[PDB]
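Chain naming here is simple, since letters A, B, ... match the order of the sequence lines and numbering starts at 1 in each. Both counts, for ligands and for their atoms, begin at 1 and track the order of listing.
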Protein chains: 4
Amino acid sequence: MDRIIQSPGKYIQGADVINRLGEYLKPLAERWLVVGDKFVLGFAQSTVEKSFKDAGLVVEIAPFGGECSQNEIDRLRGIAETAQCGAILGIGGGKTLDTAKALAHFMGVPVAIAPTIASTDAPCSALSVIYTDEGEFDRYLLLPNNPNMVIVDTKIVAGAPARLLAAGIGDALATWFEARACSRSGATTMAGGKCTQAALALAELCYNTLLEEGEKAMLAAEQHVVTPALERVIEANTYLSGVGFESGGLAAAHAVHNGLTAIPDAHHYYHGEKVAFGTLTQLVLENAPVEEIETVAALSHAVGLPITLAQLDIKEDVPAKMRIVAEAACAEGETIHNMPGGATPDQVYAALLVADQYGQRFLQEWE
Amino acid sequence: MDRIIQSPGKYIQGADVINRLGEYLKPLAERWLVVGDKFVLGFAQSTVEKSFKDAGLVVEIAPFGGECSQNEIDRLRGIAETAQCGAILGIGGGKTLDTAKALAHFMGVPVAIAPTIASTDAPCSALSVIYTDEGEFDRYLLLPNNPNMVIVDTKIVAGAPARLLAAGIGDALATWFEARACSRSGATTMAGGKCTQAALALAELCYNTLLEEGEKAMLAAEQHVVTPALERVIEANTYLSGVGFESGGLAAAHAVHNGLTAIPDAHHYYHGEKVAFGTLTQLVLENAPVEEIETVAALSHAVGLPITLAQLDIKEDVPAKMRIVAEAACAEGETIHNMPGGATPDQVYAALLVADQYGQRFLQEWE
Amino acid sequence: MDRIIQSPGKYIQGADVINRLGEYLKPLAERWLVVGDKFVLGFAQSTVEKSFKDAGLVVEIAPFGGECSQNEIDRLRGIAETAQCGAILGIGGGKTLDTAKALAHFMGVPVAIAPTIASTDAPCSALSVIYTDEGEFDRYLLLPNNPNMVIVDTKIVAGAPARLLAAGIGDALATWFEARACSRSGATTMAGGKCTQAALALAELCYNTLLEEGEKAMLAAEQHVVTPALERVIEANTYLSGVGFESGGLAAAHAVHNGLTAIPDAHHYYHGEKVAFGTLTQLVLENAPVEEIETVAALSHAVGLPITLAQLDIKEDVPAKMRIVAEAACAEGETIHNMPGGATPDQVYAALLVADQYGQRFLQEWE
Amino acid sequence: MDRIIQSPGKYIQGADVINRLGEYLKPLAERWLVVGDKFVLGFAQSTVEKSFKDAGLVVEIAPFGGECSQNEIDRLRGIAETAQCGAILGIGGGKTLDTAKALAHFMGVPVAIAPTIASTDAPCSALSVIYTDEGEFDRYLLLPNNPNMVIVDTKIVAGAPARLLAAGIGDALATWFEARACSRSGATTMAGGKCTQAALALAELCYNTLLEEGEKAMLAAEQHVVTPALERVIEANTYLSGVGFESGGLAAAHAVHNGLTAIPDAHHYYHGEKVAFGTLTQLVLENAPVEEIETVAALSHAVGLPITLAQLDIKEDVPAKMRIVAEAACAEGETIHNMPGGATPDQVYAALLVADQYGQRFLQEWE
Ligand SMILES: NC(=O)c1ccc[n+]([C@@H]2O[C@H](COP(=O)([O-])OP(=O)(O)OC[C@H]3O[C@@H](n4cnc5c(N)ncnc54)[C@H](O)[C@@H]3O)[C@@H](O)[C@H]2O)c1
Ligand SMILES: NC(=O)c1ccc[n+]([C@@H]2O[C@H](COP(=O)([O-])OP(=O)(O)OC[C@H]3O[C@@H](n4cnc5c(N)ncnc54)[C@H](O)[C@@H]3O)[C@@H](O)[C@H]2O)c1
Ligand SMILES: NC(=O)c1ccc[n+]([C@@H]2O[C@H](COP(=O)([O-])OP(=O)(O)OC[C@H]3O[C@@H](n4cnc5c(N)ncnc54)[C@H](O)[C@@H]3O)[C@@H](O)[C@H]2O)c1
Ligand SMILES: NC(=O)c1ccc[n+]([C@@H]2O[C@H](COP(=O)([O-])OP(=O)(O)OC[C@H]3O[C@@H](n4cnc5c(N)ncnc54)[C@H](O)[C@@H]3O)[C@@H](O)[C@H]2O)c1
Ligand SMILES: [Zn+2]
Ligand SMILES: [Zn+2]
Ligand SMILES: [Zn+2]
Ligand SMILES: [Zn+2]
């Protein structure tokens, strides 16, 4: 059928670009409401306000509650009405960004996205994941537009905890294997149709950038400084992974991620950290060669991602819990049905236990 | 400074996609003005309407004058003000598309771009080339946004003259070499920043797609049928070349194309046909390896593109005419100054003669 | 679902093996009915008998009508009921072999299959193609068992017309590409399940054997002598192609062969000769790489197979005739729907014209 | 001379295929006698009975004594006479399967084979190894037919002890080296003639599957779950190794296995475990390169097969015992005389001691 690729209108990435934030956003609107992560506003609220004033823009700043829920969106909807703003700017982690994306949709206004961490591939997608206020998944809000603008300050990302970059590496590492599985299967992407070559090249470029730059970027992240290797991983975690998954496709790795969230032991781990184990589960599922699986496990271990179930705090009742993961991952409408030939709950259970076994062997041969 | 990539919000490509125009174009507006090429409007008007009505959309069709001129925009600006429309749809060639992009800019509405040929990389770009009502260059209108939607019907493109697909191959064949020259020089792109890895990967994917699919697609273009090879070249000619030139940068190949427009002998050749010789000029200017020039010259000849000055109808007063081309190619603000180490008119003049000699040698050794 | 491979119980191949027929065929039965091609029976009847008698077996020989038709089976069903035989032996071509397989099915006895030509992959398969007594297709009789024994005399095959060995090369050349397309799609084979690794390895060994031995075997076929190269192609044409198509699956190449049978222009061409062009059609349909198409086209031409529509006597009303071929190739239940992503009549029609254009280009550049 | 390949009529392999056992066996006969391994019947007798009843079949189940002896066969012959059965189904290990194969031969009925472990290459062969009731080798019973049907439930195999899969890996690992030695020597296979390409491709495919999937399948086997890697090794241990050895050939590895059985220290080790050391003995005998021997020793060690004599409980009187092994392996009619140039008892003794020495060095450089 039709082949579709979606993208944000403009993707900007640079060191200290938060100073130029006002100059970049002025073409979109004059009056702005900023949804900002509390931790980021703690050190950056004055810098953000200066950026808008120096470009002649009017800004109101609303600190973010911490969860992308309908109540938090509805609360900000009223603040936006009173503000009489022409656009929304989200600045913070993926939860802040999805909230600003949903806010601008209900308000009928353009949205700019400013990720302060490269932790997921949320910034560029035309999707908001809605939760309950208790942190349980509620619903997917599919958006008609990608963000108008995505502006990434590589310096601010560098100042964040290095664990949050490794989480982004875990999310982006799955992009190539899941898009490749969808193209082998003829699956429909979230963009609406079949894969293009552009998305598949961006997805594979994501994988090879992480293989080549992942460890060098973690060194810079731990030192909280910007190197070219960090710039490249930030692009791979954001633009490459985002276009790669939305127009390339999702498969078993993220379906397994959803099933791992259902286990309370691993619920509070980061998004990409649970995805990182789903990738190793998929590699068993599709019987990737030994060198491929070792390469993914080595990079995941090198940057500090979980490669065993125990590293997700799953240490007791493992079979009964992996049964719960496998059933949730194979639910109706889940992306595991994009795998070539499909996957039954028995097959996913088998892959979960064997992927865990492989990670256990990797850690032993390491120490 | 900052690295930037731009893109249309949505690129859609498929056979008989004109039937699904209204369903795709619905989330943008309900009232639509169509700027249409007269030849194209003559064979699809019934199809365009039925798709808009069956989707429940108001449509008003306005034949396109044939040239991209302010007078032509102003005429259509009047019909749009009377039409009271919410968005603009351009259906035709690069002239109809640049016109519709400019009309939607001055009207302040979204724009949909439906190319009926893959002849240039105009569809996706955020710029419109304006001309006098006679056909002589006027001004660049650098736009703030890429089109919201680009919708390419591969069956309609297949029915177009095969010469026009070769013209798009000639335009897209420059994408990689100009963007690669810009990253070797650290030049700024039309997006306003340095090259991203995404742009350079899409530009190289363009080059390799033309090498792998170009001759197979010409076979389908001459039969006026659609194959997966023709599908891929259409994508390379439209999305990959469009993002790759705008976000990767231009260099000597297009500066030489502009200089050839100053020679009245080459007026009756399409845009990509002149760019094709400019690419060979650039390959001499940067002293590309013999195997690189032979491969570009071979593909250009294999699809019908000019590889000599005579194939552009330049047979008399070649030195005097090439002096003119070099002077105009080296004008202040031209993209030839993005070459590593720059380029003087004497160096361009030298490359122009030498590349013509190479094309002559190549054609001789082919028979 | 389950992975399945089928095979004849015993495949025997050797020079002058007709002399050892009785000793091989003894453990199956003591009373034997022979369904024999009239031309073949005319030069081996004395040899067939002497081998049966010297092994101590009863034999009764029944000339074959020439077409695989229920009337022809029913006539031989009567002779078998009178013969009071314990097994059936078919000695001849694909028509004599499919007839003997059907006769042994309705009689409920084992069947031995002695191909006197390597022209198709019929000998080993568990199916018989039935026709009307005129020569027009009737029904597929899908059999519960492969033949108990396939015995190929390489010296007899060598004495056959060299055109008929090339025909078998054309049939066997499709085995790899159709089975590979089926595993890429996860389609079910005629064995009733998914592909085994054994079937895919035998199908690929078929392709590589034809590439490595095909032209050497034609030299021996035109001299009507036996070499190890001719020995290998006979095995590739009979066992490898037989197991590889039945247990690996069919795709567009054979669906196109069936569509060509609907064109009376190509009636006077053998089975493998039509399949040869169907393989090139499939290679265009799946957009195989240029080197893959050139290698298949080169081998097909090097042994005398059709690579253009004109070489199948299709020279007038080519578009109208190709519309018919595509419609029949896309009929409900045809194997073209095993292609990855399926195939519409418009896509098949496009591949049919484009592959004809490629064959024309290939023949031009060969002189 | 003649080139022959034998095969079972149908080979089926799938997870939980024991439910569909009745549906698959119905075409063969209505009344069935099942020879079943006691351990398997302990957990599966009700599932087997359900499978036959759901397909409308009549079944009697006879638990298996544990040894393939003439007394056990004769006992089951009487049970079959009383049952008035049309076919025999063997379900269990290789000893159960050979017993059902011999039973169906003396009864003159079709046989289906259902291996519950992938421990040897017995299931597909047309051979039953007869023993005395004390477990000593009695005689080879060469059969005129391969099994009509082989049905492998990959789930049941997975539930078995992982040591029994590694035993099958040891048996199958020898297949390529022994068939390759027979083709280099022009030896006659058990099929009756010289090697075909099909058998040699299946034999080499066996080797490369174990090299690529052996360790990944042991992980799944230890977890008692089914992965694609386990499915592939099960096929390699069963169909690939069986056709590979019966139509490819046997050599020194299995002759050494027979000699190792004569030592009471190693008599009770599994069949493939003794074969595994015979392979390392053959590699010394034919002077395989260092990388080849290290690759075989590494895989054998990784899955838990013996690579030293001590790992077969041969720790005292080694020279006097290796003398007994070498003499038995070179007995008249043994397969070691298929080695290129043959092997004398002195040569085999030398290879036994050096292979043991090599394994001792491998284990030291490992710890
Ligand atoms: N819509 C999509 O396509 C998509 C894709 C992936 C994930 N998501 C969503 O993204 C969310 C996860 O995002 P996340 O993992 O970034 O979580 P998050 O938004 O909660 O941020 C993680 C933590 O990092 C902290 N942080 C942010 N910026 C910082 C900085 N500069 N310095 C220090 N600390 C900083 C925040 O305070 C927060 O506690 C989930 O809701 C998930 O569903 C959406
Ligand atoms: N803005 C940019 O980035 C950019 C880039 C490249 C070129 N351009 C501009 O694009 C223009 C070149 O456009 P062009 O070369 O496509 O010429 P064009 O727009 O004049 O089209 C060429 C011809 O093709 C015909 N045609 C179109 N669709 C057809 C179909 N389906 N069947 C048959 N005929 C069909 C048209 O009627 C026209 O006569 C120039 O103005 C150039 O400056 C702009
Ligand atoms: N069942 C299957 O899987 C399968 C597969 C492919 C084809 N088929 C069927 O097989 C048939 C095609 O058979 P074919 O192409 O072999 O044609 P054919 O059986 O008519 O044989 C072709 C000619 O070769 C002659 N011939 C045979 N042996 C000879 C010898 N030693 N010397 C000289 N001449 C000899 C025969 O007399 C005959 O005239 C078709 O009915 C087709 O449908 C079936
Ligand atoms: N005929 C041939 O071509 C050929 C080839 C190789 C070996 N063989 C013969 O095969 C025999 C060896 O077979 P084997 O090694 O399988 O021995 P086996 O048949 O005794 O089975 C091994 C053990 O595995 C157990 N077992 C079987 N299925 C099980 C399951 N699902 N779960 C748990 N335990 C299970 C059995 O109870 C048994 O104790 C020997 O007699 C050898 O001569 C014959
Ligand atoms: Zn994710
Ligand atoms: Zn251009
Ligand atoms: Zn065929
Ligand atoms: Zn064995």
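- A salt bridge does not link D:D16 with D:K155: every distance from a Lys NZ or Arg NE/NH1/NH2 to an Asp or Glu carboxylate oxygen is 4.0 Å or more.
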Between ligand 4 and the protein, tabulate every N or O atom pair separated by less than 3.5 Å, reporting distance only.
residue, atom, partner, partner atom, Å
ligand 4, 1 (N), D:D98, OD1, 3.1
ligand 4, 1 (N), D:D98, OD2, 3.2
ligand 4, 1 (N), D:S125, OG, 3.4
ligand 4, 1 (N), D:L127, O, 2.8
ligand 4, 3 (O), D:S125, OG, 2.7
ligand 4, 13 (O), D:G94, N, 3.4
ligand 4, 16 (O), D:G94, N, 3.0
ligand 4, 16 (O), D:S119, OG, 2.7
ligand 4, 19 (O), D:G94, N, 3.1
ligand 4, 19 (O), D:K95, N, 2.8
ligand 4, 28 (N), D:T116, OG1, 2.7
ligand 4, 31 (N), D:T116, O, 3.3
ligand 4, 37 (O), D:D37, OD1, 3.1
ligand 4, 37 (O), D:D37, OD2, 3.0
ligand 4, 41 (O), D:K95, NZ, 3.1
ligand 4, 43 (O), D:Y131, OH, 2.8

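- When all heavy atoms of D:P63 and D:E72 are compared, the closest pair comes out as O-OE2, 4.3 Å.
- Residue B:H257 does not count as close to the Zn ion (ligand 6), with no N, O or S atom under 2.8 Å.
- Of all heavy-atom pairs between D:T189 and D:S247, the closest is CG2-O, 3.5 Å.
- Here the CD1 atom belonging to D:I91 is positioned 10.5 Å from the CD atom belonging to D:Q45, to the nearest 0.5 angstrom.
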Inset, instruction - Show your working on side chain to side chain contact (heavy atoms under 4.5 Å, CB included) between D:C68 and D:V129 and close with a plain yes or no. - result: CA-CA 7 Å; D:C68 190; D:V129 189; over 6 Å; no
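- Taking backbone and side chain together, B:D121 holds no N, O or S atom under 2.8 Å from the Zn ion (ligand 6).
- In this structure the side chain of C:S7 never reaches within 4.5 angstrom of the side chain of C:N146, judged on heavy atoms.
- Under the rule for a ring pair (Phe, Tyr, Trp, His ring centres under 6.0 Å), the partners of B:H271 that lie at least two apart in sequence or sit in another chain are B:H254, B:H257.
- To the nearest 10 degrees, the Zn ion (ligand 6) sees NE2 of B:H254 and OD2 of B:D171 at an angle of 140°.
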